[PDB]
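Notes follow the structure.
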Amino acid sequence: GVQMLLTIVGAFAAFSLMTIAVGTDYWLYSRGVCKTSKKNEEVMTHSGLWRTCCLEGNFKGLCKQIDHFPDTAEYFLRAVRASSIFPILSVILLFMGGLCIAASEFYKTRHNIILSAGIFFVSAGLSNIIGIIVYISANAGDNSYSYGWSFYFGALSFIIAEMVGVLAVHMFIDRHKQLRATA
Amino acid sequence: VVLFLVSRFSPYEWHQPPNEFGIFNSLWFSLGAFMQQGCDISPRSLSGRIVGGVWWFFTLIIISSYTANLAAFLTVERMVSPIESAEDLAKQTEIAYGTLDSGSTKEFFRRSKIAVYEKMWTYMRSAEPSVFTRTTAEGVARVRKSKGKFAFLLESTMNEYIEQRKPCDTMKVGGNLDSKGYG
Amino acid sequence: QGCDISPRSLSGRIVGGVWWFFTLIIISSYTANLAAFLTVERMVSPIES
Amino acid sequence: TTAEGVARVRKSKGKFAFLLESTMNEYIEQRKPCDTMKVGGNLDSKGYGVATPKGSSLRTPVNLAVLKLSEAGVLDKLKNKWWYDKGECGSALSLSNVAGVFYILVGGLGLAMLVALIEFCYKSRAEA
Ligand SMILES: CCCCCCCC/C=C/CCCCCCCC(=O)OC[C@H](O)CO
Ligand SMILES: CCCCCCCC/C=C\CCCCCCCC(=O)OC[C@H](O)CO
Ligand SMILES: *C(=O)CCCCCCCCCCCCCCC
């Protein structure tokens, strides 16, 4: 159907844009040292979630590993922006939602698989918001910082995930209305 | 999306929609709610009420934090000071100030027993980077380029001349500190 | 305050929404400016020269 | 001791400031963890001298040595050696302010979906 084609495309799109977001290293555009004896560094660097690579300087494309642990209670944040479980939990959920949609087009009659997808997309978009907030709220703790296309993919992925969630619920409603009609 | 879902996904409620909270009527309740502007529809289930109760609290804090920060800006700006006398200069540190080297103005401050001018000298002589300039032109440039963070002590004749030169961005303030002449 | 009618069409709901946003910014800018007027009393504007 | 004053500044979360000579202040400003700063102008102007007991015959020679070292540039070289050559140190609201409201919100949206999917499970298992 038309409502299904969009769901497949939307599930794929959301999952693709979030996987690229979690992997690419252009989340933030800030000023920082792209290398592990005073060093005249402070060169323009682009950072993702785990790697920071400077945009310019004698180290044109040298990368590094972010050090996320540089006293209590707050720590819990430093450890949620260091595993990045919320961005990664959002990838897993979107993948699981796709399985549901795909499984739906095979078994059929089940109806509750189509719903499950709806719960795995809406929650995926909800994990994403928490990951976005945690990201921003951690950098602030530590300027002309600007955001890159990996941030705006994770923002665009959220939008596509919520819309597929609406669409998947709208298909679940329609499946059940067809049952009530025959009754 | 979550309001839409929690309300209409369950077919046990349908008999005809049980609530009017379709995705569209949910994007409208949530909008109205945020703008404090009340609406006509209101959730009637336990689920749909945990989505309007945490959104009314969110809305409340965000609107209160906009009014209370717009009222902090408008106030602090209302406390701005013109800084137009030597006494004003002497009582603050945000705006640097200095004199020409190797002339009578610098000597005036160095020798003054007047408290305000002694205070000014004590600051100027140890300020870093140097607040002294080698030529009047350099002092003018420093005023013009420093975004209000440098003021220049110079003879009224030179001051009045520069006040009538483009780009007409400087001004003499306060009375003269002494009375003398060129010979 | 509240009324007894809320637009139920897309066209009508855009007008209602851009006007509830306008309203919000202006009622906040009045309370916030009024607060600045009562917190810091300047009250100085006679002969100056 | 000066070290105790430095520690008190460093450990007191901004609630202690230490009055000390500019020389010591400037030295510490270039030591790790680079968390202190000299502020303001100096309150007075003075110097350190080499001291001898009153009337000691050593005083004259020591004084001339200080002047010779000064004039040869050696005192400046020593200060740079020990202070600088060896130095170790080289508004709107933000989401941080309202992080909580956002969490609470996403926690009541996940609590609503739990209180709604649970009821759904019951009503469905009951119809069996
Ligand atoms: C049909 C049910 C849904 C109805 C929906 C009705 C929508 C009405 C819009 C409301 C607020 C609009 C706010 C617009 C804010 C614009 C911000 C802007 O222009 O910002 C420029 C720039 O990015 C700054 O840095
Ligand atoms: C009929 C059903 C009606 C609707 C029912 C749901 C509405 C919930 C509304 C507000 C929640 C506010 C939660 C506030 C959380 C405060 C957290 C707290 O206690 O923080 C302590 C602090 O961290 C120490 O330092
Ligand atoms: C029947 O027993 C099914 C309901 C029980 C499982 C519910 C699982 C979903 C819970 C709500 C969604 C939480 C999203 C959190 C996002 C960070």
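Counting begins at 1 with the first residue displayed.
Placement of Cβ uses the backbone N, Cα and C atoms for every residue, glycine included.
Annotated features, as they stand in Swiss-Prot:
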DISULFID  D:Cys34-D:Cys89  disulfide bond
LIPID     D:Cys121  S-palmitoyl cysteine
TRANSMEM  D:98-118  transmembrane segment
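Annotated pair D:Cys89 (disulfide bond) and D:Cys121 (S-palmitoyl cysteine), C-alpha to C-alpha distance, rounded: 62 Å. All protein chains included, D:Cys89 (disulfide bond) registers 13 other Cβ atoms within 10 Å of its own Cβ.
The two recorded residues, D:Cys121 (S-palmitoyl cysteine) and D:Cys34 (disulfide bond), show a Cα separation of 60 Å. Each of the recorded positions D:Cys34, D:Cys121 was scored by other CB atoms within 10 A of its CB, and the lowest score goes to D:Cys121. Close contacts with ligand 3, defined as a Cβ under 6 Å from any of its atoms, occur at D:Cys121 among the recorded positions D:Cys34, D:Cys89, D:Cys121.
In three-state terms derived from DSSP, D:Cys34 (disulfide bond) belongs to neither a helical nor a strand segment and is classed as coil.
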